[PDB]
Every structure is written in structure tokens, then in C-alpha cells.
> 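Before I ask anything, here is the structure I am working with.
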Amino acid sequence: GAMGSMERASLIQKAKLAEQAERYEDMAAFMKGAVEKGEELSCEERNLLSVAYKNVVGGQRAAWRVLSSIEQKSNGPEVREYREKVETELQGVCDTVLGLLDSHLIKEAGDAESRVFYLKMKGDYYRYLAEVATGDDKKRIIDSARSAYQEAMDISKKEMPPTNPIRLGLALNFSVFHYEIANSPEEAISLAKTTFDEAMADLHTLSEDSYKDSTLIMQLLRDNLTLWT
Amino acid sequence: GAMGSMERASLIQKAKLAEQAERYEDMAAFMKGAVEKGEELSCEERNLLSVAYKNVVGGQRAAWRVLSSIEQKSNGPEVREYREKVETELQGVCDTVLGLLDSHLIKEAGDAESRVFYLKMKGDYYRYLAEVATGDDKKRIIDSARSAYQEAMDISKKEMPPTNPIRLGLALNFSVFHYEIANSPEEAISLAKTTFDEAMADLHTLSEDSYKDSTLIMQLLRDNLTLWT
Amino acid sequence: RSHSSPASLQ
Amino acid sequence: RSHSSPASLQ
Ligand SMILES: Nc1ccc(Oc2ncc(Cl)cc2Cl)cc1
Ligand SMILES: Nc1ccc(Oc2ncc(Cl)cc2Cl)cc1
Ligand SMILES: [Ca+2]
Ligand SMILES: [Ca+2]
Ligand SMILES: [Cl-]
Ligand SMILES: [Cl-]
Ligand SMILES: [Cl-]
Ligand SMILES: [Cl-]
Ligand SMILES: [Mg+2]
Ligand SMILES: [Mg+2]
Ligand SMILES: [Mg+2]
Ligand SMILES: [Mg+2]
């Protein structure tokens with residue numbers, strides 16, 4: 001694309017500058033350009049990719065929720081049209097991320113940390129699609145999210161310790177999927193509780209810095225359990 | 001443009017929805033479409049136009065300041081390139097606003113409230129251009145801002161009471177121009193002080209709601225005077 | 001930085 | 001709404 005002429009290292013450098021400037025659309029375009037160079041991404045680079053697109057889609061999700069609430073309260077064409085416009089842009093971003101994962105980040109990811117991170121992302125972006133889905137493919141979108149999360153869970157349980165932040169963030173997001181998308185609050189609670197308890201029992205193995213990383217995610221599990229019970 | 005096929009009333013309605021959703025780029029595109037219908041804007045519509053573009057350029061200004069600070073501290077091409085990219089987009093937004101004012105909002109604005117509001121906007125967007133200007137036209141950009149603000153000031157002093165919020169916001173912004181752009185802190189202080197004092201002496205004529213509108217802007221004058229002295 | 005006017009003015 | 005993961009994970 002438009003980033004094809006820029007050096008990979010320059011794209012990464014500019015992604016970091018865009019982050020500092022809170023220019024997340026730019027950040028995502030730079031990281032898409034970096035992915036399209038065809039090389040695998042390092043851990044730091046995978047995190048930059050995720051930060052960029054999560055912030056872009058986050059603004060779209062927040063706007064969609066505002067507009068959907070207005071639309072539901074109203075029930076001319078303008079509210080529906082504008083909600084649809086935001087929805088379509090949101091779906092486009094999700095399709096873009098899913099396309100990067102399919103071409104060819106996931107298939108080249110052999111190490112647990114990369115493969116789980118990308119499969120979790122695949123689940124997340126199908127989950128964002130599911131939040132707005134209403135048609136004959138809502139069930140299939142939900143199943144796609146579930147399938148990606150499940151593959152990531154299976155690998156994470158075999159290959160990562162229970163405190164690994166990627167494993168924790170995956171389990172957290174799969175629990176949110178169960179509660180918010182799949183009409184499965186009991187599964188959500190069970191997953192969050194077992195994840196929390198098994199992480200707590202493994203904290204003793206960690207350095208101070210890793211402890212901080214793991215307990216930050218554990219706090220989110222606890223917060224959700226408080227909300228859900 | 002792309003909004004040419006949408007009804008004026010629909011563009012205004014969608015601008016208000018975009019505001020609620022904090023989608024300021026959309027809001028600005030809708031209001032540009034509304035201006036391009038060729039009819040004069042009401043007071044509420046002028047405020048929507050300003051809110052939209054002020055938020056767009058505000059994000060660009062904040063990002064430009066981050067990047068410029070990084071660039072100055074560094075003193076490869078990437079920081080300069082990316083600062084230039086943001087700068088060019090910022091200049092494009094300012095040129096767009098100035099173009100709407102020149103074609104043909106200002107020339108059709110005969111009432112003091114509309115004409116002063118638009119001339120103030122013209123000064124503001126030249127001021128935003130001046131914040132990033134460094135070339136052989138910096139002096140001319142500064143003069144363009146000064147000239148617009150001065151014409152607005154002359155009309156406001158003849159046609160509006162000293163508490164009028166447009167008159168107050170104009171005087172506030174012209175004082176900022178003097179302090180931050182024109183290397184004229186004494187003029188800035190003098191203007192802010194006289195503006196504040198003359199507004200204070202006219203508050204007794206106002207209803208409770210108008211009093212609130214005027215004192216909100218007066219507080220900004222006071223805050224600046226505290227910062228500047 | 002100095003404070004400037006809000007966008008919306010009545 | 002429920003809390004989901006931060007984007008950056010170590
Ligand atoms: N079987 C079960 C018991 C109690 C539960 O409630 C919580 N459990 C752990 C935390 Cl950290 C917080 C809460 Cl609210 C959930 C499941
Ligand atoms: N001649 C002059 C005297 C005092 C000044 O200082 C202030 N004047 C008014 C306010 Cl509201 C606040 C301050 Cl700090 C400025 C100018
Ligand atoms: Ca139960
Ligand atoms: Ca002096
Ligand atoms: Cl629309
Ligand atoms: Cl999958
Ligand atoms: Cl660039
Ligand atoms: Cl002028
Ligand atoms: Mg190269
Ligand atoms: Mg309507
Ligand atoms: Mg019409
Ligand atoms: Mg470099």
C-alpha cells in the first residue's frame with residue numbers, strides 16, 4: 001500500500017512516535033505497513049500493532065454505542081444512516097486486522113507467545129464484529145471468535161505458565177466473550193475464577209517486575225467477578 | 001463534495017450526532033457540507049462548525065507539539081518527516097476552514113454576531129498556521145491573523161456590548177495572539193485587562209443565564225492575566 | 001500555554 | 001461493561 005516505499009525500521013519508529021502523539025490511526029497505518037513487509041513481528045512490534053488497532057477500534061466502538069443508544073431511544077433515516085456509517089467503518093477496521101492475521105501472521109507464528117497473541121487478537125476482532133452483528137451471520141461471527149479463542153486457550157494451557165500475561169489477557173477476553181457475546185455468564189465466571197486462582201498460585205515463581213505484569217491482569221479478572229456476581 | 005447529495009437539514013442533524021459520539025472529523029465534514037449548500041448559517045450552526053474544526057485542529061496541534069518537542073530534543077529523517085506529515089495535515093485543515101470563510105461566509109455576513117464570529121475564526125486559523133510557520137511567509141501569516149482580529153475587534157466595539165461572549169472570546173484570542181505569536185506580551189496584558197474590566201462593569205445589565213456565559217469567558221481572561229504577570 | 005476561547009459562543 | 005485486556009502484554 002501507501003507504506004510500501006517506507007523502510008520497515010522507519011515504519012516502526014514512526015509507529016512509536018504516533019503513539020506518543022496519540023495519533024492512533026497513523027500508528028495503525030504504520031504498523032500495517034510493517035506487517036506487510038512480510039517478516040515476522042517481534043514481541044514489542046506485536047504489542048505496537050495491537051495498541052494501534054485497539055485504540056482505533058475503541059473509538060469506533062464507543063461512538064457506535066452512543067449512536068445505537070440514540071437509535072434505540074428513537075424507536076427520519078439519519079440516525080440509522082450515521083450509525084451504519086460508523087458500523088461499516090468499524091467492520092472495515094476489524095476486517096483489516098483479521099486480514100493481516102490471516103495473511104500471514106498466524107500461519108508463520110510457531111512460538112507460543114506469538115501464536116497465542118495472534119489467535120487472541122483474532123478472537124478479539126471477531127468479538128468486536130459480534131458486538132454489532134445482527135444478520136444471518138451473527139452466529140457464524142460468534143463461532144469464529146469462539147474457535148480462535150479456543151485454539152489460543154489450548155496452546156496457552158500447554159505452553160505457558162498460568163501467570164503469563166498473554167495467557168491471562170486471553171482468558172480474560174474469552175471470559176468477556178462468554179459474558180457479553182455468548183450469553184454464557186456461568187462459563188464466564190468459572191473461567192475468570194479458575195484463571196485467577198491458578199495465576200495466584202504461580203505468582204511465587206516470579207520476579208518483582210513479572211509479578212506486577214501478572215497482577216495487573218488478575219485485578220481485571222477480580223473486577224469482572226465483582227461485577228458479574 | 002461527498003456531502004453534495006445530502007440534505008442540509010440531514011447534515012446538521014448528523015453533525016449533532018457526531019458531536020455526541022465525539023466523532024469530530026465526521027462533524028467537520030458534515031458542517032463543511034452544510035456550509036457548501038450556500039445558505040447563511042444560524043448562530044447554532046456557526047457554533048457547530050467551530051466546535052467541529054476546533055476539535056479536529058486541536059488534536060493536530062497537540063500532536064504537532066509532541067513531535068516538535070521530540071524533534072528539538074533530537075537536535076535519521078523520520079522525526080522530521082512525521083512532524084512534517086502532521087504539520088501538513090494541520091495546514092490543510094486550516095486552509096479548508098479559511099476557504100469556507102472566504103467562499104463565502106464572511107462576505108454574506110452582515111450582522112455583527114455572524115461577521116465578528118467569522119472574522120474571529122479567520123484570525124484563529126491564521127494563528128494556528130502561525131504556530132507552525134517558519135518560512136518566508138511567517139510574517140505574512142501573522143499579519144493575516146492580526147488583520148482579521150483587528151477588523152473583528154473594530155466591529156465588536158461598535159456593535160456589541162462588552163459582555164457579549166463573541167466579543168469576549170475574540171478579545172481573549174487576540175490577547176493570546178499578542179502573547180504567543182506576536183511577541184507582544186504587554187499588548188496582550190493590556191487587552192486582557194481592559195476587556196475584563198469593561199465586561200465586569202456591564203454584568204449588571206444581564207440575566208442570570210447571560211451572566212454565566214460572560215463570566216465563563218472572563219475567567220479565562222483572569223487565568224491568563226495570572227499566568228502572564 | 002495560554003487559554004483561548006471555547007468554540008461555542010452565544 | 002466488562003473489563004477486557006490491555007493491548008500490550010509481556
Ligand atoms: N465459585 C466462586 C466463588 C466466588 C466467586 O467470587 C469471586 N471469586 C474470586 C474473586 Cl477474586 C472475586 C470474586 Cl467476587 C466466584 C466463583
Ligand atoms: N494594570 C494591571 C494591573 C494588574 C493586573 O493584574 C490583573 N488584573 C486583573 C486580573 Cl482579573 C488579574 C490580574 Cl493578575 C494587570 C494589569
Ligand atoms: Ca449459577
Ligand atoms: Ca511592562
Ligand atoms: Cl451518514
Ligand atoms: Cl481460528
Ligand atoms: Cl511520515
Ligand atoms: Cl481579514
Ligand atoms: Mg528495506
Ligand atoms: Mg431527519
Ligand atoms: Mg434540499
Ligand atoms: Mg531512523
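Below, all heavy atoms of this structure are taken into account, side chains as well, without hydrogens, waters or symmetry copies. In each ligand, atom 1 is the first atom listed, and ligand 1 is the first ligand listed. Each chain gets a letter, A, B and so on, in the order its sequence line appears, and its residues count up from 1.
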> Using a strict 4.0 Å cut-off to heavy atoms of A:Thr229, name the atoms of ligand 1 that fall inside it.
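Selected atoms, number and element: 14 (Cl).
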> Who's the nearest protein heavy-atom neighbour of atom 11 (Cl) of ligand 1, and how far?
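Of every protein heavy atom, A:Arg222 CG, 3.5 Å lies nearest to atom 11 (Cl) of ligand 1.
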> Side chains of B:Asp202 and B:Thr163: is there a donor and an acceptor less than 3.5 Å apart?
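Judged by distance alone, the side chains do pair up.
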> Tell me whether B:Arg146 is salt-bridged to B:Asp143, with the criterion being a basic N under 4.0 Å from an acidic carboxylate O.
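Salt bridge: no.
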> Between B:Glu113 and B:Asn164, does any side-chain donor sit less than 3.5 Å from a side-chain acceptor?
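Indeed, the side chains of B:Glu113 and B:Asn164 share at least one donor-acceptor pair under 3.5 Å.
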> Is it the case that the ring center of B:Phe30 lies less than 6.0 angstrom away from the ring center of A:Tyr82?
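Yes, they do, as the ring centres are separated by less than 6.0 Å.
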> Decide, yes or no, whether a salt bridge links B:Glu131 with C:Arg1 under the criterion of side-chain N to carboxylate O below 4.0 Å.
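No, this pair does not count.
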> List the closest protein heavy-atom neighbour of atom 5 (C) of ligand 1: residue, atom name, distance to the nearest 0.1 Å.
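It is A:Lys193 CE, 4.1 Å.
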> What class does the angle between the rings of B:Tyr179 and B:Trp228 fall in, given that below 30° is parallel, 30 to 60° is tilted and above 60° is perpendicular?
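Rings of B:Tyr179 and B:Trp228: parallel, as their planes differ by under 30°.
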> Can you confirm whether the side chains of B:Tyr149 and B:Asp124 place a donor and an acceptor under 3.5 Å from each other?
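There is such a pair (donor and acceptor under 3.5 Å, judged by atom type) between the side chains of B:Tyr149 and B:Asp124.
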> Going by chain and residue number, what protein N/O/S atoms come nearer than 2.8 Å to the Mg ion (ligand 11)?
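Under 2.8 Å from the Mg ion (ligand 11) - ignoring waters, which are not counted - the protein N, O or S atoms are B:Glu7 OE1.
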> Identify, with sequence neighbours excluded, every residue that meets ring-ring contact (aromatic ring centres under 6.0 Å, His included) alongside B:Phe117.
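With sequence neighbours excluded, B:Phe117 shows a ring-ring contact (aromatic ring centres under 6.0 Å, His included) to no residue whatsoever.
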> Which is closest to atom 7 (C) of ligand 2 by heavy-atom distance: B:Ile189, B:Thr226, B:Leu225, B:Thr194?
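Looking at heavy atoms only, B:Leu225 sits closest to atom 7 (C) of ligand 2.
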